[PDB]
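Worksheet for the structure shown next.
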Amino acid sequence: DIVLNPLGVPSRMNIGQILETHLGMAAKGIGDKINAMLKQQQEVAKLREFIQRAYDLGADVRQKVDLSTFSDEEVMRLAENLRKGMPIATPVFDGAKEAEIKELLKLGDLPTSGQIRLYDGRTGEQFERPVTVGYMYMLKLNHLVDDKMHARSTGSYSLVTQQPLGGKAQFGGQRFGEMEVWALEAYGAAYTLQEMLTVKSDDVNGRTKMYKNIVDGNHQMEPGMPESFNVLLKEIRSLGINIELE
Amino acid sequence: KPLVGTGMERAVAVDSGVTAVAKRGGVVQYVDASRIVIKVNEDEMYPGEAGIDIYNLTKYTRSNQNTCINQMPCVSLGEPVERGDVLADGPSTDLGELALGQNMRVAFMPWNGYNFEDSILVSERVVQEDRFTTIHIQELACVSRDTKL
Amino acid sequence: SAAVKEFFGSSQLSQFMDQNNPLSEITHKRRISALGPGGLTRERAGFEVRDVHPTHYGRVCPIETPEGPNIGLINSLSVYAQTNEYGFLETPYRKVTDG
Amino acid sequence: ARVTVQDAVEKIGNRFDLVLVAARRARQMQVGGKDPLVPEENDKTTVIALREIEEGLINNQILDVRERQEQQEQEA
Amino acid sequence: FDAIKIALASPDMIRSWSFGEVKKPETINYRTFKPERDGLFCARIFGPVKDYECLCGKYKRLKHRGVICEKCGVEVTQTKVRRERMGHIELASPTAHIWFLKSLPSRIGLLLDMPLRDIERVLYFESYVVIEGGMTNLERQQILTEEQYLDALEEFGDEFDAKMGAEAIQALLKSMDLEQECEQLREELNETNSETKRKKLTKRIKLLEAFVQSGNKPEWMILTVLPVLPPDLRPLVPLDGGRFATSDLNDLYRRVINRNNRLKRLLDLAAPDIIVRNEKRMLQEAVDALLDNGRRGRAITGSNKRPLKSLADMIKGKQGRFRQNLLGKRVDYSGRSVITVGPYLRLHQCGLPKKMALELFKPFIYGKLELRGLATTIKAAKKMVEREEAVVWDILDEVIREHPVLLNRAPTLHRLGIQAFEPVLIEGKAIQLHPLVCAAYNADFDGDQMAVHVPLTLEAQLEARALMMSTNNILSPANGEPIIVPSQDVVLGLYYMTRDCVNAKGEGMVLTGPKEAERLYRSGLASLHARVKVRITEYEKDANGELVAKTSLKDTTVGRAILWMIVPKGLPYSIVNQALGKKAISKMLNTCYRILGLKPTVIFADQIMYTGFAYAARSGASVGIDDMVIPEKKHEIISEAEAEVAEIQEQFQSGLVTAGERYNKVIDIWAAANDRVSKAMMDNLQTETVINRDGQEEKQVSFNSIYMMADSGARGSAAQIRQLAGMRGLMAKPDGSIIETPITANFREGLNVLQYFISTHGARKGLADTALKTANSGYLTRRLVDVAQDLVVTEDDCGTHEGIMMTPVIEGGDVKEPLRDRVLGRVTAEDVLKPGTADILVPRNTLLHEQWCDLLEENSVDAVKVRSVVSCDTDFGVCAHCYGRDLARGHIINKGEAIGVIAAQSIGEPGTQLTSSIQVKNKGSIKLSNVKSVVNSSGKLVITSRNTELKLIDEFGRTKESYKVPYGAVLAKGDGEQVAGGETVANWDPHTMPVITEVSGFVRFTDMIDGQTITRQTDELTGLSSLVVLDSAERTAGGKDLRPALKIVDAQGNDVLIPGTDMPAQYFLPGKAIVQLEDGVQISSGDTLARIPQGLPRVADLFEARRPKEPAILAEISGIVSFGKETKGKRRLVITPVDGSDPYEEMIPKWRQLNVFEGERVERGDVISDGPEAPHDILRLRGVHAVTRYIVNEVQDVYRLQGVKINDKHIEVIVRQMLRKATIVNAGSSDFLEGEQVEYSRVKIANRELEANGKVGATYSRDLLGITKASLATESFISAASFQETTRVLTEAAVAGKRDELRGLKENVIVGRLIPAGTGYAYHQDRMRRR
DNA sequence: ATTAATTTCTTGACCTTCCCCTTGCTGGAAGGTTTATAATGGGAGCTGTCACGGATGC
DNA sequence: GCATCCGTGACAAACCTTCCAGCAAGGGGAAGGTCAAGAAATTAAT
Ligand SMILES: [Mg+2]
Ligand SMILES: [Zn+2]
Ligand SMILES: [Zn+2]
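Okay, here's the thing in C-alpha cells:
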C-alpha cells in the first residue's frame, strides 16, 4: 500500500522505523496465520496454543497471561480481533532487540533477514535484492491538501495600503517576501518584478488596466504610479518631511 | 486497530476523557449509536441512585481544528464491563486503545523516483477501501448584521 | 470578569487545543510553555532555555516541543511527573536499601 | 525553442537584449497583427518569438528596420 | 519623473498641500456612517466616501465633477483623492518634532553645540533660554533656570528676551544666522588644532553646508503645523462583526487635535503660565508619541493595553511599511500549495492542479474563451468556470502550454530557491515538482507551502521562459559545481546501476553496446552487475566543435553502458568508468556543461533522472536489520574501553594526576575507542565475502544496503554511518564541554534512557542552533543584501591594469583547495605566464573555462594575476571583463547582471548548514621570505626575525606547502635543499618566545643595578642563572627612568655592532627576561638567552569588521619601533622610522606578546599584537588588494571547513562594497576630513586631476565600515531608509536634502519602476541618456 | 419622367414620482450650563531580553 | 585620550438651547414619463 523512501534513514538516523517495520511484518504474518486458521473453521484449541506461543518469545515478558483460563467465545472474539493484525506493544527504552523480532518472524513463517524478496508491479520482474516490507502504522496529518492548496486571483483587497490579504479563510495569496525579491533581482528579471510589486498587487488603477488588457488579449506591460509607494510618500509628508518627484 | 503499540495505549483513552469512561462497572444492558446504557452490578450499586449509568455519547461536533469528534460505541451487547474500562471509543481511539491512524503494508524501496526526498507513494486501496478518508466538520456562520440601510 | 475573560481566551498561554486526537489533548494539557507574562519570549531567548539539563530526567521531557522559532520554550510534561504542593516537578522513585 | 535557448543566446550574444527584442517581436505579434515566420503547431506567441529569435531572422537592428519600414508605410 | 527629491517641510508647503484644514476631533458620526463638517474623515477636507457620491446625497452620478457643494463643502470626485489629501492642523503653539529631537544623533544639538540633557531641559518646560542679551552674561544659547530667569528679570528687565520651550528654540533656530555662522565655523575648524574637536565640528559644518546647499532652513526642522495622514490610509471601516475597525494612529491624531483644541481654549481664556506650559508640554509629548512612540517617554497605551503604533513604528523593521508592504509584499496570482513528486516530466516541466490553474489563470481563461468564440461575455465564461464545463479544461490545457509560471519556496534560501517552470495539467490539488531541482531549492518534501506566481505580460513571460527557466541554469550562482545535480534517490539508483560484482551472473557475454546492455538487463537473463567488455561508441570534440567517431573495448559493467545510452555524444568515458559518487556525478555534469553546452545537458539530466528512476524502481535498495550489520569485534572494544576507564579511575583515586588530566585522558581514550570501532565497522562494511566465477573467496566493494548510501555519498556522510552502526563519538554538553561517558551502544542495539538523554542533549543543542543561527544568517543576508544594492554591470572593460595575486590556503596543515577551482571563472588582469620567465600563453582579458583551467593544471602554476572588482575604476557598478564569468551561465557576463544580490544569495546559501613540531607532508625545497638567517655552532640555522614564513616549492615549481613561523625558531635544513616528508624541519619550544641574539661575541651586563632595576635570583632547576629581572609589575621606578637593556658587546670595554646594519649591539630588557647565561663567555651567533612566554557569529563579525574581542594592531612605517612613556599598565607605543612619520605614536592595551622589541627593525604593515586582527588598521596600512585577499582566504576557508565550497568573488564584491565610503585627507574638492563615497571621490578626480589642471587635493583613505554602517552611508537615501534605523537615516536625508537619482537596483524596487539591472539595464541606458 | 394609399415622424395632450410644504404637535439628536457640607502629593508596566554603536564623564 | 550608560536589530445628575424626522390626511410645484391628431417618404396609373 505504501512505498516509502529508504534514503531518509542514514541522514536522519531513524533506524527504529526499520525495527518497527520488521516487527509489524512479523505481527502481520501472525495475523495472516490467524486469518488462515480462522477462515477454514477447523478448530479453536489449536489457536489457544498458537497465540499463547506467540505471546512468550522474549527473555521475560512483563505479563505472563495464559489462554487456558479464557472461554471459547472470548478466544474466538480475540482471534476475530486478531484477524486485523496483531496488537503488539514495545517500550520506548525497554523494547525488543532484533533477536526477539527475528524469533517473531520465525514464528510467523517469515525469513530471519527481515527483508522479503519482492516482486515489482510495473515490470513484474523480481528484484536482485530482498525488499524490507512490513507495517509502519502511519497517520493522517492535519496539513491536508484542501487545507494547504490556496490560491488568489483579484478578490477581497484591503483598504489601508491596497494590498491582497493572506490566509485561506480570508482568501489571500502567499506573501512574496523580500528574500524572493532579492533572488528575482539576482536573476535580473525586471519585468516580472515590475509586475510583482506595481501592477499585480499595488496600483488599483494599474491592476484593473492590466486585467482589461489581458481579457482583451493585449499582454503588454503597462506600469504606472504604485498605490502603496504614495502611501509612504503621504506618510512621510504627514510626518513633517517634504518630498516630491522630478 | 493500532498494531505496533507501546503499552501506554491502554491508559491514554481512559485518561483523556473523550471516551466513555466507566465510572461504575457492570453488565451492558443496551447500547445505541448515540448512547450506552450499562447496568451497574450490586457491588458498585448505591441506594441513593437507580443503578443505571447512561453515557450520553457526543455525536459529530466541531473541534478546534475543523475535524470530526465522534464517540463511536465499540462494546457489544451483553458483556460485562468493569470499573475504569472503555465503553465507546472516541474520535481517534479503538476499544480503549489509541487509534491514531491506520496500519498497512509499507515497503522501504524506491519506485520510479516517487519516494524521492522522503515522500509518500500510496496505492489505490487507501481510498478504495476508504482507509485514509477523513470527516472534516467546519463552521460557516452566515451572520445577518443590521446596517443603516 | 474582564480579567478572567482576558486571561481565558486572549492571553499567550490560552490557545486553541487541537481536539483531533486524544493524544493531542493530553499533550496540550501536559504542555509546559514559557511564554506570556513572567516567562520568556520566542525572539528574546537564548540557547540556555532551549538546551536541556541533566535535571530534566523525568520531569520536563526533551522530545515533545515544536520545531518553530520557540523550539525549547514550549516544553511538555512526562507521564509519571506530577505537580507538588509547592509547585515544583517531582519524579517518583523506588527506594534502595544498600542494594 | 521550447526546451533550449542556448543557440539563441550564442547567436545573439547575451540574455537581456535578446529577451527584450523577443518581447518586442511578441508585442508586435500579439496586437501588431504581424504574421509569424515560424509555424505555430499549437503554440503561444512567446515561444514563436523565441523560435524566430533562434532562427536568426529577428535581431535588434532587424526589428528596428522592420518597424521603420512599417512606419514609413503608415506615414506615406 | 526620474528622480526623488527630499527636503524639509515648510509651513507654506503644508498650506499648499492641505486643500482643507481640520479643527475638530470628530472622526465620523456614530449613528449614520457619514462624517460631519470639519472632522478627521470629513468630505470637505479630504473627499467623499464613495465614487462620485456626495455627503448629503445631493450631487452624484458623474453630474458634478469639479463643483463644491455649498452645504458641506464636499468635492464630488473619486475615492482616489482620499489617499492624497493632507492635514494642516492649526496648532496654537509650535511644537517639537521628535524625529529631529530624540534621534541618535539628535541633529538639533549638533546644529547648535548643545547637549541632549540641555535639549531635554529646554523643550520640556522646566528651563528657559535667551536668544540675545544686552550684556555678555546672557549670551546666545544659555540655559537658564526659572530662578535664574527671575534673577535676569529683576536684573535686566527689558534688555533681554528669554522665552521657554519650542517657541524659544524655534526663534533661536530662525534668527541665529544663515551663512555667517557657517563661515565662522569653517574658519574656526581649521583655526584650532585638535582631534576631539575636529571630529564633531566637521560634522556640524557639513550639516550646515548641507542646509545652505539644499535650500533648507532650520525653521522648517521644527514643527509649527502638523498635517494628518490621509484618512483612507487610516481607514475607520465597519468590519463584518458589528464593531468598527479603526487605527491607533487615528486615536493619536484625535489626542493631538484634542490637546490643540485645549490649547486654543487656553489662549483666549487668559490662562496662567503653569497650565499653558503644561499644555504645550503635553502637545509636545502627544506629537512625540504620534511620530516616534518609543523615544520621548513611555509608549502610549489604548484599550487593549498595548503600545500604539506611531509614525515611526509604521516604518521599522519587518513589521514596518517597507519590509511588509513595500519590499516584501503580498501579490495576486500567487497560489499557496505543497510540493509533490513528478518524475515523468522534463527539467523545465512542473505539475499544476487543474483547480488551481482554473482559478489562478482566470483572466487568461476569460481572454482565451472570448478570443476563441466559445464564450460570449466575461460572466458567461465565469459561470462556465464555476460549473466546471468540459471545454474549459481543454482551453486551460491550450493556455497552459507555452506559458511558463514561477515556482517559489517560502522562504527562499538562495537565487535557485525560486525559478520558472512550464506547467502541465494533472489531477490532485498540489504541484508536482521536478526532483532534480529540489536540491537547488533545498526544499525536501515536508509539506512546504510553495507559492506559484504567474507572469502576466509577454515581457515577463519571455523573461520567465528564456532567462529563469530551469533549462537555462544547470550550475549554481554560489559555486561552479551543479546544485541541480542528481539528488539522493536518483544518485542511489545510478550508484546501483554503476556497481560491479565478482560473482556477476552475466559473466562472459560480450555486449555489443548500450543497446544489448539494456536488452540483457531488461530481459532478466543478465544482472546489472557484470564485469564484461563492451564496445562503446564514444565521441570527443578535439577540433573546433568537430566530433570524431571511435569504438573500442573497455573493462566496464552493463549498467554503465545503459547509462551511456542516456549519455550524449560529447562526453568521454573517463567520467563514466569510476564508482560514480555524488561528487563524481557533479564533476560529470560540470564536464558536460563545459564540453557540450546547455543544449544537450538539460536533455542528458532529464534522461539521467528517468534512467535513475527506472533503475531505482528495479533496484530494491532496502535498508534492514541484517543489512546494518553489527561488527563482530564490538563488545571487546567496549570491554577494553571499560578496562581503560577503570585504569583511569584507579589512577585518579590513587593520586598521580588531577581531575582535569583525568577528563582529558578519558576523552582521548574514548576518541581512540571510537576510531577503533569506526575502523571495525568500516572493515566489516566495505568488505563482503562473495564467491567468484569459479570456487574462490575474494572481497570487493560490498552490496550492503547502507554502503551504497555511505561510499557514494547519497544522503549522509561517514559520521552518520559510524554513529548508526558503531558507537557514538562525542556529544555536546550545554556548557560547551564534552560528556566524559560517551554512548557505548549503537542505534541497532538500542540506546538506554540515560544514553538517549546524553544524545538528546547535543541533539537539542544542535536543534536550537538550527533554530537561532539560521535566522541570524537570514538577517545576515538581509544585512549583506543592502550594502551591495548598486552593483550592476554597466560597461564591458575599464582600463584599470591592476588586480590581485591569488594563492590557495596551506595554513597550518596541507592544501585544501587547488588554484583551478579558485580562479574558476575569474578574469586575468595582466598577461600571466609560466613559472619560468618565457612563453606567455594567456592574453590580457580572458576567462578561465575549459581549455584554460586544464592548460594551467598541466603546468606547475602557484600564483596568477587575477582582475577583481576592488580595482575597477568605474562608479555605480563594475565592468564585465573585470568581474569574470557569470556562474550560472558559463560565458562572458552580460551587461546588466547584478553581482551584489548574487553574492548576497550565495553567502546566504550555506547559512542553514553552518550551525612546535612542524612536520612537512611532501617533498620540496626550503624557501623563506624576509630572510634573516645565520648558522650557529651546531650545524643548523636559527631565525632572528619575525616575518619569516616557511614555504615549500618542489622541483615542478608550485607552492604545495607553506607555514607561518614566529620569531625565535631553529631550522634543521638550509635554503634550497630537497627535503622529505614526515620529518620535522622547524624546532622551537611552543610555550615560550626566545630572545636569540645573532651577535657572536662576549657577554656584558651593562646598564643594570641589582636591587632597583633588576634583582638577584638563582634558578633552582638547573643551577644556570645570572643577574636576572622579574616582571615589570613587581619592579620599582628604576626601570621607569633608566631603560633596562642587554648590550651584548665584547668584554674588553669596547662596543660592537650588528652584522649588516650600523646599530650598536644592544638588546632591550622586557618583562619575564630570566637570562640563562653568564658574563665573559664567548657566545656564538644563535644562542638563547632567556625564556619569554606567549563560526557564524565569527562570520558576521568578520563581515562587519568592527572590532574583535582582542584587537591586533600593526606597525605603521618600517623603522625603529620603541616605547614612549614607561609601562603604567597600558602606557604608550612610539614608531621612529628613518624616512617616515617620526613623532607619530600608538597605544598598546595588552603587553602579553610583543613580536618586535622596543627598538628593533620592522616592516611597514607588520604584526605587533597577536590574536584576531581588526581590518581597520589592515586597510589603513595595506591596500585593498591585501585586505580582500585576507578575507577571501579566511572566510572562504571558514565556509570550506563546514563542507561547502563557495566561489571567492561573492565574498569579494561584498568586501568591495564594504569600503564604499572613504575618508578624504586633504581639502580642495569636497572637504578636508569628510567621509565621502568612492563614486563621489572618483567623479572629483576625473573632473579636476584628469584634464582641467593639476592636483587641487583629491587623495583619500579607504575605510571598511560596518554592514550596519555602510547601509546608512549610501549616497541614495530611499534604499538606506529600508534596512534599519529608518528614523535616523530618514532624518539625515531630510536635513541634508539628499536628492536620489535612483541609480541603485533596490532604489527602483521601492519606487515601483523598472530596475537598472538585467533587462531593465537597457531601458535605463535610454532613460539616463534622454535626461 | 408623373403620383395615389400605406408607413413612418412630429406635436399637443395627457400621466407618474420628488420634494417641499400644509397646522398641530411629538419625539429624537446635538450642544452648552449648573449643582453649592465635607472632599488637597495619583497611577502603572515588567524585568526571564542579548549583543552592537554613539555619546558622557574621569 | 579611556570605562561606562541608552537606541536598536532579533528567518454623576440634572438643567436649558437649536436642529431635524413622523403621523396625522393630504394639496401643489418641479421634473420627468406615455397616447391620438396632422406632416415627410414610398409606390402603382400613364
Ligand atoms: Mg521545510
Ligand atoms: Zn453633500
Ligand atoms: Zn572595469
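Taken in order, these protein sequences are the chains called A, B, C, D and E.
So for the first sequence, the UniProt record's numbering puts the first residue at 1095; every next one is plus one.
So for the second sequence, the UniProt record's numbering puts the first residue at 697; every next one is plus one.
So for the third sequence, the UniProt record's numbering puts the first residue at 499; every next one is plus one.
So for the fourth sequence, the UniProt record's numbering puts the first residue at 2; every next one is plus one.
Count the fifth sequence with the UniProt record's numbering and you get residues 17 to 931, 948 to 1126, 1137 to 1373, in order.
Even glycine gets a Cβ: it sits at the ideal position worked out from N, Cα and C.
Chain-ordered neighbours of residue i on chain E, where CB pairs are closer than 9 angstroms
i         : result
A:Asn1236 : Near A:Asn1236 there are no residues of chain E at all, since even the closest Cβ is about 10 angstroms away, more than 9 angstroms.
B:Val822  : By Cβ distance, chain E contributes nothing, its closest Cβ being about 14 angstroms from B:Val822, past 9 angstroms.
A:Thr1248 : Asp348, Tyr349, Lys378 and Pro379
Distance between residue j and residue i (C-alpha atoms, nearest Å)
i         : j         : result
E:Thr760  : E:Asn700  : 18 angstroms
A:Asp1297 : E:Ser1321 : 21 angstroms
B:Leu773  : B:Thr789  : 19 angstroms
E:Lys445  : B:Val839  : 30 angstroms
A:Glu1279 : B:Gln798  : 47 angstroms
E:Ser26   : E:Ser34   : 12 angstroms
A:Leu1259 : E:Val253  : 16 angstroms
Cβ-heavy atom distance, residue i to ligand 1, below 6 angstroms
i        : result
B:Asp814 : no
E:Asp462 : yes
Heavy atom of ligand 3 within 6 angstroms of residue i beta-carbon
i       : result
E:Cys58 : no
Residue i beta carbon near ligand 2 (any heavy atom closer than 6 angstroms)
i       : result
E:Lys74 : yes
E:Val90 : yes
Under 8 angstroms from the C-beta of residue i: neighbouring residues of chain E
i                       : result
C:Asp596                : In chain order: nothing, as chain E lies at least about 22 angstroms away.
residue 1342 of chain A : The requested residue 1342 of chain A is not part of the displayed model; chain A covers only 1095 to 1340.
A:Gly1260               : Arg346
Proximal chain A residues relative to residue i, where beta-carbon distance stays under 7 angstroms
i        : result
E:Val917 : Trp1276, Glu1279 and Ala1280
Bounding residues of the beta strand (DSSP E) (the contiguous stretch that carries residue i)
i         : result
E:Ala1018 : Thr1016 to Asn1019
E:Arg214  : From DSSP, E:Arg214 is part of no beta strand (DSSP E); its letter is neither H nor E.
E:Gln1279 : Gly1277 to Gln1279
Partners in chain A for residue i, counting only beta-carbon separations shorter than 8 angstroms
i       : result
D:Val32 : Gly1311, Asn1312 and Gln1314
Endpoints, the alpha helix (DSSP H) within which residue i is located
i        : result
E:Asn274 : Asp264 to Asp284
Proximal residues, the segment 504 to 529 of chain C versus chain B, C-beta separation under 7 angstroms: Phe514, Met515, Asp516, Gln517, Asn518, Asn519, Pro520, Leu521, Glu523 and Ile524
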